[PDB]
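Have a look at start_36.cif below; it lists mmCIF, C-alpha atoms and all ligand atoms.
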data_input
loop_
_atom_site.label_atom_id
_atom_site.label_comp_id
_atom_site.auth_asym_id
_atom_site.auth_seq_id
_atom_site.Cartn_x
_atom_site.Cartn_y
_atom_site.Cartn_z
CA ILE A 1 14.13 -21.57 9.05
CA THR A 2 13.42 -23.71 12.12
CA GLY A 3 14.31 -21.99 15.40
CA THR A 4 12.84 -20.04 18.30
CA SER A 5 10.92 -16.80 18.10
CA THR A 6 12.86 -13.90 19.46
CA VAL A 7 12.65 -10.10 19.51
CA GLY A 8 15.40 -7.80 18.27
CA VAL A 9 15.73 -4.03 17.99
CA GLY A 10 16.93 -1.70 15.28
CA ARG A 11 16.59 1.62 13.52
CA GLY A 12 14.54 2.25 10.37
CA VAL A 13 15.25 4.34 7.27
CA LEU A 14 14.06 7.51 9.05
CA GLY A 15 16.24 6.87 12.11
CA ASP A 16 13.35 5.67 14.25
CA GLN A 17 13.99 2.83 16.72
CA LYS A 18 11.65 -0.16 16.82
CA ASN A 19 11.35 -3.79 17.94
CA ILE A 20 11.10 -6.54 15.34
CA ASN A 21 10.15 -10.19 15.59
CA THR A 22 13.03 -12.44 14.60
CA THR A 23 13.93 -16.17 14.70
CA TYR A 24 17.06 -17.59 16.38
CA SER A 25 19.06 -20.59 15.12
CA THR A 26 22.84 -19.77 15.07
CA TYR A 27 21.96 -16.40 13.54
CA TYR A 28 18.99 -14.13 14.23
CA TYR A 29 16.86 -14.02 11.07
CA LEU A 30 14.32 -11.46 9.95
CA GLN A 31 11.52 -14.03 10.39
CA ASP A 32 8.42 -13.09 12.36
CA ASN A 33 6.63 -16.29 13.41
CA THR A 34 3.82 -14.38 15.21
CA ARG A 35 1.87 -13.38 12.08
CA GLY A 36 0.28 -16.15 9.97
CA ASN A 37 2.73 -18.49 8.27
CA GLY A 38 5.39 -15.83 8.88
CA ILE A 39 6.89 -12.59 7.56
CA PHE A 40 10.36 -13.14 5.98
CA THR A 41 12.70 -10.37 4.84
CA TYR A 42 15.62 -10.97 2.45
CA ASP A 43 18.85 -9.25 1.35
CA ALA A 44 19.02 -8.85 -2.47
CA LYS A 45 22.67 -7.51 -2.11
CA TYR A 46 22.30 -4.90 -4.90
CA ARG A 47 21.42 -7.65 -7.43
CA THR A 48 18.15 -8.35 -9.21
CA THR A 49 18.12 -12.04 -8.33
CA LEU A 50 15.17 -12.76 -6.02
CA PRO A 51 14.49 -13.28 -3.19
CA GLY A 52 18.18 -13.19 -2.19
CA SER A 53 19.29 -14.42 1.24
CA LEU A 54 17.05 -14.61 4.30
CA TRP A 55 18.29 -11.70 6.40
CA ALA A 56 20.69 -12.98 9.06
CA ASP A 57 22.21 -11.00 11.91
CA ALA A 58 24.76 -12.04 14.54
CA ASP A 59 23.41 -10.15 17.58
CA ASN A 60 19.71 -9.33 17.01
CA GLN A 61 20.50 -5.58 16.93
CA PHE A 62 19.80 -3.87 13.62
CA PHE A 63 21.42 -0.43 13.81
CA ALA A 64 23.75 -0.48 10.77
CA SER A 65 22.83 1.85 7.91
CA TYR A 66 22.68 -1.31 5.67
CA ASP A 67 20.06 -2.81 8.12
CA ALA A 68 17.68 0.16 7.91
CA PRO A 69 15.65 -0.80 4.74
CA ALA A 70 15.36 -4.40 6.08
CA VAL A 71 14.11 -3.21 9.50
CA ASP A 72 11.35 -1.13 7.86
CA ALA A 73 10.27 -3.66 5.18
CA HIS A 74 9.95 -6.28 7.97
CA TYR A 75 8.28 -3.99 10.53
CA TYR A 76 5.82 -2.35 8.09
CA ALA A 77 4.79 -5.70 6.57
CA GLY A 78 3.73 -6.72 10.15
CA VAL A 79 1.77 -3.46 10.60
CA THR A 80 0.00 -4.03 7.26
CA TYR A 81 -0.78 -7.64 8.29
CA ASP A 82 -2.22 -6.30 11.55
CA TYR A 83 -4.33 -3.72 9.75
CA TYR A 84 -5.94 -6.33 7.46
CA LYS A 85 -6.52 -8.75 10.36
CA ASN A 86 -7.86 -6.31 12.98
CA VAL A 87 -9.77 -4.05 10.61
CA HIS A 88 -11.07 -6.39 7.85
CA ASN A 89 -10.68 -9.78 9.55
CA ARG A 90 -8.36 -10.78 6.70
CA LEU A 91 -5.47 -13.15 7.41
CA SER A 92 -2.58 -12.09 5.18
CA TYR A 93 -2.95 -11.28 1.45
CA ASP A 94 -4.61 -14.58 0.47
CA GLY A 95 -6.96 -14.64 3.50
CA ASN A 96 -5.27 -17.88 4.56
CA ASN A 97 -2.20 -16.54 6.44
CA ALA A 98 0.14 -16.91 3.43
CA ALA A 99 3.78 -16.18 4.27
CA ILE A 100 4.82 -12.61 3.39
CA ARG A 101 8.21 -12.24 1.70
CA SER A 102 10.12 -8.96 1.04
CA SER A 103 13.54 -8.22 -0.48
CA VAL A 104 15.53 -5.01 0.08
CA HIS A 105 18.70 -3.59 -1.51
CA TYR A 106 17.25 -4.60 -4.83
CA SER A 107 19.62 -3.50 -7.64
CA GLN A 108 21.75 -0.33 -7.51
CA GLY A 109 20.15 3.09 -7.03
CA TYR A 110 16.74 1.64 -7.97
CA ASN A 111 14.01 4.30 -7.67
CA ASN A 112 11.03 2.00 -7.11
CA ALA A 113 9.36 -0.86 -5.26
CA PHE A 114 6.81 -3.42 -6.37
CA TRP A 115 4.80 -6.54 -5.68
CA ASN A 116 5.98 -9.07 -8.32
CA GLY A 117 3.23 -11.71 -7.98
CA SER A 118 5.19 -13.66 -5.30
CA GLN A 119 6.78 -11.06 -3.03
CA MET A 120 7.56 -7.43 -2.25
CA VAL A 121 10.72 -5.83 -3.69
CA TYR A 122 12.32 -2.53 -2.59
CA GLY A 123 15.01 -0.39 -4.17
CA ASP A 124 17.36 1.81 -2.11
CA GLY A 125 16.76 4.84 -4.37
CA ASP A 126 19.57 6.94 -5.83
CA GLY A 127 19.67 9.21 -2.76
CA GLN A 128 18.22 12.15 -4.73
CA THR A 129 14.85 11.04 -6.05
CA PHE A 130 14.36 8.47 -3.26
CA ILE A 131 15.85 7.06 -0.10
CA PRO A 132 15.25 3.28 0.51
CA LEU A 133 11.59 2.80 -0.38
CA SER A 134 10.61 0.47 2.49
CA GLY A 135 11.08 3.56 4.69
CA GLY A 136 7.51 4.58 3.78
CA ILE A 137 4.67 2.79 5.57
CA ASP A 138 2.25 3.81 2.79
CA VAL A 139 4.71 2.46 0.22
CA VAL A 140 4.95 -0.93 1.98
CA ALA A 141 1.17 -1.20 2.47
CA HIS A 142 0.62 -0.08 -1.16
CA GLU A 143 2.77 -2.94 -2.49
CA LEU A 144 1.25 -5.51 -0.07
CA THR A 145 -2.20 -4.34 -1.12
CA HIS A 146 -1.35 -5.34 -4.74
CA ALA A 147 -1.14 -8.88 -3.30
CA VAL A 148 -4.58 -8.54 -1.69
CA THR A 149 -5.88 -7.42 -5.08
CA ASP A 150 -4.18 -10.34 -6.90
CA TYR A 151 -6.11 -12.73 -4.67
CA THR A 152 -9.52 -11.03 -4.80
CA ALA A 153 -10.60 -8.83 -7.75
CA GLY A 154 -7.55 -9.73 -9.88
CA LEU A 155 -7.66 -6.29 -11.60
CA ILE A 156 -5.57 -6.34 -14.82
CA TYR A 157 -2.70 -3.83 -14.65
CA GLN A 158 -3.73 -1.78 -17.68
CA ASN A 159 -6.00 1.17 -18.55
CA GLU A 160 -9.01 1.73 -16.24
CA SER A 161 -8.77 -1.58 -14.36
CA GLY A 162 -5.04 -0.90 -13.78
CA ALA A 163 -5.82 2.62 -12.56
CA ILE A 164 -8.32 1.10 -10.12
CA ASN A 165 -5.66 -1.43 -9.07
CA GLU A 166 -3.27 1.46 -8.28
CA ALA A 167 -5.96 3.50 -6.50
CA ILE A 168 -6.84 0.51 -4.30
CA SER A 169 -3.16 0.28 -3.19
CA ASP A 170 -3.00 4.06 -2.57
CA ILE A 171 -6.28 3.96 -0.59
CA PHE A 172 -5.21 1.07 1.65
CA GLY A 173 -1.58 2.26 1.96
CA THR A 174 -3.01 5.50 3.32
CA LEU A 175 -5.51 3.67 5.59
CA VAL A 176 -2.58 1.64 7.01
CA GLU A 177 -0.60 4.87 7.55
CA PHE A 178 -3.56 6.28 9.55
CA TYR A 179 -3.97 2.97 11.41
CA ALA A 180 -0.33 3.17 12.54
CA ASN A 181 -0.93 6.83 13.49
CA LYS A 182 2.50 7.73 12.13
CA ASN A 183 2.26 11.32 10.87
CA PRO A 184 -0.64 10.24 8.70
CA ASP A 185 -1.79 12.11 5.56
CA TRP A 186 -3.42 11.63 2.16
CA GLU A 187 -0.16 11.87 0.20
CA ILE A 188 1.79 8.90 -1.15
CA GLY A 189 5.52 8.31 -0.53
CA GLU A 190 6.26 11.55 1.33
CA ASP A 191 8.59 9.77 3.83
CA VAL A 192 10.95 8.42 1.12
CA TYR A 193 10.62 10.85 -1.86
CA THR A 194 13.24 13.60 -2.56
CA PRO A 195 15.23 13.81 0.70
CA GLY A 196 16.39 17.29 -0.41
CA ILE A 197 12.87 18.76 -0.66
CA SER A 198 10.39 18.99 2.24
CA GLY A 199 6.62 18.77 1.86
CA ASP A 200 6.30 17.03 -1.51
CA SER A 201 5.37 13.44 -2.42
CA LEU A 202 4.80 11.14 -5.37
CA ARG A 203 1.03 11.51 -5.46
CA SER A 204 -1.74 13.36 -3.57
CA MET A 205 -5.16 11.83 -2.93
CA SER A 206 -6.71 15.00 -1.56
CA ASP A 207 -5.53 17.03 -4.59
CA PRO A 208 -4.09 14.81 -7.34
CA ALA A 209 -3.66 17.82 -9.66
CA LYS A 210 -1.00 19.12 -7.24
CA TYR A 211 1.37 16.69 -9.01
CA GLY A 212 -0.16 16.62 -12.50
CA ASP A 213 -2.71 13.83 -11.96
CA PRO A 214 -6.34 14.13 -13.13
CA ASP A 215 -9.03 14.78 -10.51
CA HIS A 216 -11.89 14.39 -13.02
CA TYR A 217 -12.81 11.79 -15.65
CA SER A 218 -12.83 14.45 -18.38
CA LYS A 219 -9.13 15.01 -17.73
CA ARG A 220 -8.21 11.32 -17.95
CA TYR A 221 -5.04 10.30 -19.77
CA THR A 222 -5.95 8.35 -22.92
CA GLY A 223 -2.50 7.33 -24.27
CA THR A 224 -0.31 4.27 -23.88
CA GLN A 225 2.44 5.36 -21.49
CA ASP A 226 2.48 3.91 -17.95
CA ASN A 227 0.29 0.95 -19.00
CA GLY A 228 -2.46 3.32 -20.16
CA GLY A 229 -2.00 5.73 -17.23
CA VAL A 230 -2.36 3.43 -14.23
CA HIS A 231 -0.47 5.82 -11.87
CA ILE A 232 -2.08 8.83 -13.53
CA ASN A 233 -5.78 7.98 -13.85
CA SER A 234 -5.61 6.54 -10.32
CA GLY A 235 -5.96 10.27 -9.36
CA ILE A 236 -9.65 10.27 -10.31
CA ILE A 237 -10.36 7.31 -7.99
CA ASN A 238 -8.03 8.56 -5.21
CA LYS A 239 -9.94 11.86 -5.28
CA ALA A 240 -13.30 10.03 -5.08
CA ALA A 241 -12.01 7.99 -2.10
CA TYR A 242 -10.72 11.13 -0.39
CA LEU A 243 -14.12 12.83 -0.85
CA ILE A 244 -16.06 9.80 0.48
CA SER A 245 -13.90 9.90 3.62
CA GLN A 246 -13.34 13.61 4.26
CA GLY A 247 -16.04 15.28 2.17
CA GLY A 248 -15.69 18.52 0.26
CA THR A 249 -16.77 20.34 -2.84
CA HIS A 250 -15.10 19.45 -6.11
CA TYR A 251 -16.15 20.82 -9.51
CA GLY A 252 -19.29 22.32 -7.92
CA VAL A 253 -20.42 18.95 -6.54
CA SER A 254 -20.81 18.68 -2.73
CA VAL A 255 -19.87 15.56 -0.75
CA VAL A 256 -20.63 14.80 2.89
CA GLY A 257 -17.75 12.76 4.38
CA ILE A 258 -18.38 9.48 6.20
CA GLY A 259 -14.88 8.93 7.62
CA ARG A 260 -11.91 6.60 7.02
CA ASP A 261 -13.36 3.49 8.69
CA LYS A 262 -16.41 3.47 6.44
CA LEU A 263 -14.38 4.30 3.32
CA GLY A 264 -12.24 1.25 4.17
CA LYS A 265 -15.26 -0.98 4.75
CA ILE A 266 -16.91 0.12 1.52
CA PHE A 267 -13.81 -0.31 -0.70
CA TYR A 268 -12.76 -3.59 0.95
CA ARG A 269 -16.23 -5.03 0.28
CA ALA A 270 -16.10 -3.69 -3.30
CA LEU A 271 -12.69 -5.22 -3.84
CA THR A 272 -13.53 -8.64 -2.33
CA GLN A 273 -17.11 -9.00 -3.57
CA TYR A 274 -17.81 -7.03 -6.73
CA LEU A 275 -14.70 -6.04 -8.68
CA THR A 276 -13.43 -8.30 -11.49
CA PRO A 277 -10.17 -8.37 -13.55
CA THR A 278 -11.60 -6.07 -16.24
CA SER A 279 -13.78 -3.72 -14.13
CA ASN A 280 -13.76 -0.10 -15.43
CA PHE A 281 -14.44 3.16 -13.50
CA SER A 282 -18.19 2.96 -14.13
CA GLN A 283 -18.21 -0.54 -12.66
CA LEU A 284 -16.14 0.60 -9.66
CA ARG A 285 -18.83 3.21 -8.98
CA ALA A 286 -21.53 0.47 -9.13
CA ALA A 287 -19.41 -1.83 -6.93
CA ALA A 288 -18.90 0.91 -4.32
CA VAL A 289 -22.61 1.92 -4.35
CA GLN A 290 -23.63 -1.74 -4.00
CA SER A 291 -21.15 -2.26 -1.13
CA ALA A 292 -22.35 0.82 0.77
CA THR A 293 -25.93 -0.50 0.22
CA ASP A 294 -25.11 -3.96 1.66
CA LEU A 295 -23.49 -2.37 4.69
CA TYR A 296 -25.63 0.68 5.50
CA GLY A 297 -28.88 0.49 3.54
CA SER A 298 -29.82 1.93 0.15
CA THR A 299 -31.21 5.24 1.55
CA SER A 300 -28.19 5.72 3.87
CA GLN A 301 -25.94 8.79 4.06
CA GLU A 302 -23.10 6.41 3.15
CA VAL A 303 -24.68 5.40 -0.18
CA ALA A 304 -25.57 9.06 -0.94
CA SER A 305 -21.96 10.14 -0.26
CA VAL A 306 -20.46 7.48 -2.58
CA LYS A 307 -22.74 8.64 -5.40
CA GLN A 308 -21.85 12.27 -4.74
CA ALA A 309 -18.09 11.50 -4.64
CA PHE A 310 -18.26 9.67 -7.97
CA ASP A 311 -20.44 12.47 -9.44
CA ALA A 312 -17.81 14.98 -8.31
CA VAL A 313 -15.04 13.24 -10.31
CA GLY A 314 -17.32 12.80 -13.32
CA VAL A 315 -17.73 9.01 -13.05
CA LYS A 316 -21.26 7.76 -13.74
CA CA A 401 23.55 -6.72 14.18
CA CA A 402 2.85 10.57 6.39
CA CA A 403 1.36 9.14 3.18
CA CA A 404 10.70 15.10 -0.26
ZN ZN A 405 1.27 0.13 -7.27
#
Any chance you could put this one into structure tokens?
Ligand SMILES: [Ca+2]
Ligand SMILES: [Ca+2]
Ligand SMILES: [Ca+2]
Ligand SMILES: [Ca+2]
Ligand SMILES: [Zn+2]
Amino acid sequence: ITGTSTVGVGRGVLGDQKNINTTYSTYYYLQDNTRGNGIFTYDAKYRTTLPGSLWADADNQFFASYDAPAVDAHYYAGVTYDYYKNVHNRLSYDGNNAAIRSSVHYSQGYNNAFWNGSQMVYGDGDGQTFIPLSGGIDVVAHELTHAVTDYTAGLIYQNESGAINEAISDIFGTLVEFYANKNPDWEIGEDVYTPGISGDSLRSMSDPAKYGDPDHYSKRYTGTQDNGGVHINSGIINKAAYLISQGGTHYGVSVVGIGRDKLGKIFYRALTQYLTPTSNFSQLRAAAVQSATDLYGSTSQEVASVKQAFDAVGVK
């Protein structure tokens, strides 16, 4: 909408208070005009029609329980935008400040969230498996990262290239969570998953096997479920990324860590420069080695550590 930029206040899914950029014209809309061509958040009203209605509020205060998923989808999209801009010099998902659209209250008791090719979509969860999914900063940045991928590598969402797609979203969702400095960790979805159980999550990058995911190529899922294991085989790549950053020994292979900033630089360069729609794990290793080479030199510790991390998870 046309209007004036304003700033409201509300409470997120986890009961945390935060300011949000809005736009005023009769109502206050969840429309942040300060980031690129804007960040717009919509009410799907428990339906699956998209995007729904642009979120409108009478007083610019967002403290109703119904407001909570909208507050977080809107706020965390801005944080993710800031991450990509300040860290990678990237302006929104297309690199040209494309408007970012999200819808919340998608369907009834929907235990998921996704990037659909045009926008982000968040369920509220059924209250047992999940609370509203936009409540997780890693979840929001994971979905938004699918958009980055769509516009760069274009990784097909199937088999090894789909597993890499997933891993890329997990890696950058985590890097955004650390950038925000909000109880950061190497788990995925811990803030929104199973409100009745503390300390679990959907996926672990530091130890994927904790939740049944492979941490070595020899243990890869070879069947057809989950698009050929895109959220399962992502474990092998998530583990490699974790090792590159934090180091460690894994299957008797030692890795010297080079930190989160360099992991981010190396994988962003890989994603934007070398990966293709049909890249497999072997090609991701080559892409990451080439990227580390471009950035730090071929005899660098950074290049050595990438090779070691990929060796550790059995990817040559
Ligand atoms: Ca209000
Ligand atoms: Ca966390
Ligand atoms: Ca996390
Ligand atoms: Ca839990
Ligand atoms: Zn995903």
- [ ] Have a look at A:24, A:75, A:296, A:115 and name the one nearest to ligand ZN 405 (chain A); count all atoms listed in the file.
- [x]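 Nearest to ligand ZN 405 (chain A): A:115.
Distance check against residue 10 of chain A using only C-alpha atoms: of A:59, A:190, A:177, A:170, the minimum falls on A:59.
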Open item on the list: Given only C-alpha atoms and all ligand atoms as the basis, pick out the residue of A:158, A:299, A:169, A:201 nearest to ligand CA 404 (chain A).
Closed with: A:201
Open item on the list: Using all atoms listed in the file, which protein or nucleic acid residues come within 10 Å of residue 239 of chain A? Drop anything in the same chain fewer than 6 positions from it, and give the result as an MDAnalysis selection string.
Closed with: chainID A and resid 167 171 186 204:209 214:216 245 250 309:310 312:313
Identify, counting only C-alpha atoms and all ligand atoms, the protein, DNA and RNA residues located within 10 Å of ligand CA 403 (chain A), and give them as an mmCIF file with C-alpha atoms, in the frame of the given file.
data_model
loop_
_atom_site.group_PDB
_atom_site.id
_atom_site.type_symbol
_atom_site.label_atom_id
_atom_site.label_comp_id
_atom_site.auth_asym_id
_atom_site.auth_seq_id
_atom_site.Cartn_x
_atom_site.Cartn_y
_atom_site.Cartn_z
ATOM 1 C CA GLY A 136 7.510 4.580 3.780
ATOM 2 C CA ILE A 137 4.670 2.790 5.570
ATOM 3 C CA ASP A 138 2.250 3.810 2.790
ATOM 4 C CA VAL A 139 4.710 2.460 0.220
ATOM 5 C CA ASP A 170 -3.000 4.060 -2.570
ATOM 6 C CA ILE A 171 -6.280 3.960 -0.590
ATOM 7 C CA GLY A 173 -1.580 2.260 1.960
ATOM 8 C CA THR A 174 -3.010 5.500 3.320
ATOM 9 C CA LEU A 175 -5.510 3.670 5.590
ATOM 10 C CA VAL A 176 -2.580 1.640 7.010
ATOM 11 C CA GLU A 177 -0.600 4.870 7.550
ATOM 12 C CA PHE A 178 -3.560 6.280 9.550
ATOM 13 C CA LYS A 182 2.500 7.730 12.130
ATOM 14 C CA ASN A 183 2.260 11.320 10.870
ATOM 15 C CA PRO A 184 -0.640 10.240 8.700
ATOM 16 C CA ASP A 185 -1.790 12.110 5.560
ATOM 17 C CA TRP A 186 -3.420 11.630 2.160
ATOM 18 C CA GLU A 187 -0.160 11.870 0.200
ATOM 19 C CA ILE A 188 1.790 8.900 -1.150
ATOM 20 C CA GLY A 189 5.520 8.310 -0.530
ATOM 21 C CA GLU A 190 6.260 11.550 1.330
ATOM 22 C CA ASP A 191 8.590 9.770 3.830
ATOM 23 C CA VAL A 192 10.950 8.420 1.120
ATOM 24 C CA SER A 201 5.370 13.440 -2.420
ATOM 25 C CA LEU A 202 4.800 11.140 -5.370
ATOM 26 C CA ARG A 203 1.030 11.510 -5.460
ATOM 27 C CA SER A 204 -1.740 13.360 -3.570
ATOM 28 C CA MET A 205 -5.160 11.830 -2.930
#
TODO: Return the single residue from A:8, A:15, A:247, A:195 that is closest to ligand CA 401 (chain A), with distances computed using all atoms listed in the file.
DONE: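 For ligand CA 401 (chain A), the nearest of the candidates is A:8.
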Task: Residue with smallest distance to ligand CA 404 (chain A) - pool A:89, A:41, A:118, A:128, counting only C-alpha atoms and all ligand atoms - done: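 Looking only at the distances to ligand CA 404 (chain A), the closest residue turns out to be A:128.
Remark: for ligand CA 402 (chain A), the closest of the candidate residues A:27, A:281, A:42, A:179 is A:179 (distances computed over all atoms listed in the file).
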Task: Selection within 7 Å of ligand ZN 405 (chain A) by all atoms listed in the file, output as a PyMOL selection string - done: chain A and resi 114+142-143+146+166+169
Selection to disk with C-alpha atoms, as a PDB file, keeping the file's coordinate frame:
ATOM      1  CA  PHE A 114       6.810  -3.420  -6.370  1.00  0.00           C
ATOM      2  CA  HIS A 142       0.620  -0.080  -1.160  1.00  0.00           C
ATOM      3  CA  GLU A 143       2.770  -2.940  -2.490  1.00  0.00           C
ATOM      4  CA  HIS A 146      -1.350  -5.340  -4.740  1.00  0.00           C
ATOM      5  CA  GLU A 166      -3.270   1.460  -8.280  1.00  0.00           C
ATOM      6  CA  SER A 169      -3.160   0.280  -3.190  1.00  0.00           C
TER       7      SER A 169
END
TODO: Figure out the distance between atom CA of residue 295 of chain A and atom CA of residue 141 of chain A, please, to one decimal in Å.
DONE: 24.8 Å
Open item on the list: Residues near residue 48 of chain A, anyone? I mean within 10 Å using all atoms listed in the file, not counting same-chain ones fewer than 2 positions away, as number ranges by chain.
Closed with: A: 44-46, 50-52, 103, 105-108, 121, 123
- [ ] Show which residues sit within 10 Å of residue 124 of chain A, as a ChimeraX atom specification. Count only C-alpha atoms, and ignore same-chain residues fewer than 5 positions away.
- [x] /A:13,46,66,69,104-113,130-135,192
Produce a table with one row for each residue of chain A that has an atom at most 10 Å from any atom of ligand CA 401 (chain A), each row naming the nearest atom pair and its distance in Å at one decimal; use only C-alpha atoms and all ligand atoms; arrange rows by chain and rising residue number; format as JSON lines.
{"residue": "A:8", "atom": "CA", "partner": "A:CA401", "partner_atom": "CA", "distance": 9.2}
{"residue": "A:9", "atom": "CA", "partner": "A:CA401", "partner_atom": "CA", "distance": 9.1}
{"residue": "A:10", "atom": "CA", "partner": "A:CA401", "partner_atom": "CA", "distance": 8.4}
{"residue": "A:27", "atom": "CA", "partner": "A:CA401", "partner_atom": "CA", "distance": 9.8}
{"residue": "A:28", "atom": "CA", "partner": "A:CA401", "partner_atom": "CA", "distance": 8.7}
{"residue": "A:56", "atom": "CA", "partner": "A:CA401", "partner_atom": "CA", "distance": 8.6}
{"residue": "A:57", "atom": "CA", "partner": "A:CA401", "partner_atom": "CA", "distance": 5.0}
{"residue": "A:58", "atom": "CA", "partner": "A:CA401", "partner_atom": "CA", "distance": 5.5}
{"residue": "A:59", "atom": "CA", "partner": "A:CA401", "partner_atom": "CA", "distance": 4.8}
{"residue": "A:60", "atom": "CA", "partner": "A:CA401", "partner_atom": "CA", "distance": 5.4}
{"residue": "A:61", "atom": "CA", "partner": "A:CA401", "partner_atom": "CA", "distance": 4.3}
{"residue": "A:62", "atom": "CA", "partner": "A:CA401", "partner_atom": "CA", "distance": 4.7}
{"residue": "A:63", "atom": "CA", "partner": "A:CA401", "partner_atom": "CA", "distance": 6.7}
{"residue": "A:64", "atom": "CA", "partner": "A:CA401", "partner_atom": "CA", "distance": 7.1}
{"residue": "A:67", "atom": "CA", "partner": "A:CA401", "partner_atom": "CA", "distance": 8.0}
TODO: Using only C-alpha atoms, determine which residues lie at most 9 Å from residue 92 of chain A, disregarding the query and same-chain residues fewer than 4 positions distant; provide the list as an MDAnalysis selection string.
DONE: chainID A and resid 35:37 80:82 84:85 96:100 148
- [ ] Would you mind reading off the distance between atom CA of residue 129 of chain A and atom CA of residue 198 of chain A, one decimal, in Å?
- [x]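 Atom CA of residue 198 of chain A lies 12.3 Å from atom CA of residue 129 of chain A.
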Open item on the list: If I take atom CA of residue 86 of chain A and atom CA of residue 283 of chain A, how far is one from the other in Å, to one decimal?
Closed with: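 Taking atom CA of residue 86 of chain A as the start and atom CA of residue 283 of chain A as the end point, the length is 28.2 Å.
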TODO: Mind listing whatever residues come within 7 Å of the point (-20.1, 13.1, -15.8)? Use all atoms listed in the file, file coordinates, and give them as a PyMOL selection string.
DONE: chain A and resi 311+314-316
Please tell me which residues are no farther than 10 Å from (-12.5, 10.5, 9.1) in the file, counting all atoms listed in the file, and write them as a short mmCIF file (atom, residue, chain, number, x, y, z; two decimals) with C-alpha atoms, in the coordinates of the input.
data_model
loop_
_atom_site.label_atom_id
_atom_site.label_comp_id
_atom_site.auth_asym_id
_atom_site.auth_seq_id
_atom_site.Cartn_x
_atom_site.Cartn_y
_atom_site.Cartn_z
CA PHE A 178 -3.56 6.28 9.55
CA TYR A 242 -10.72 11.13 -0.39
CA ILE A 244 -16.06 9.80 0.48
CA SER A 245 -13.90 9.90 3.62
CA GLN A 246 -13.34 13.61 4.26
CA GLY A 247 -16.04 15.28 2.17
CA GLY A 257 -17.75 12.76 4.38
CA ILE A 258 -18.38 9.48 6.20
CA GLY A 259 -14.88 8.93 7.62
CA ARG A 260 -11.91 6.60 7.02
CA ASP A 261 -13.36 3.49 8.69
CA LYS A 262 -16.41 3.47 6.44
CA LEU A 263 -14.38 4.30 3.32
#
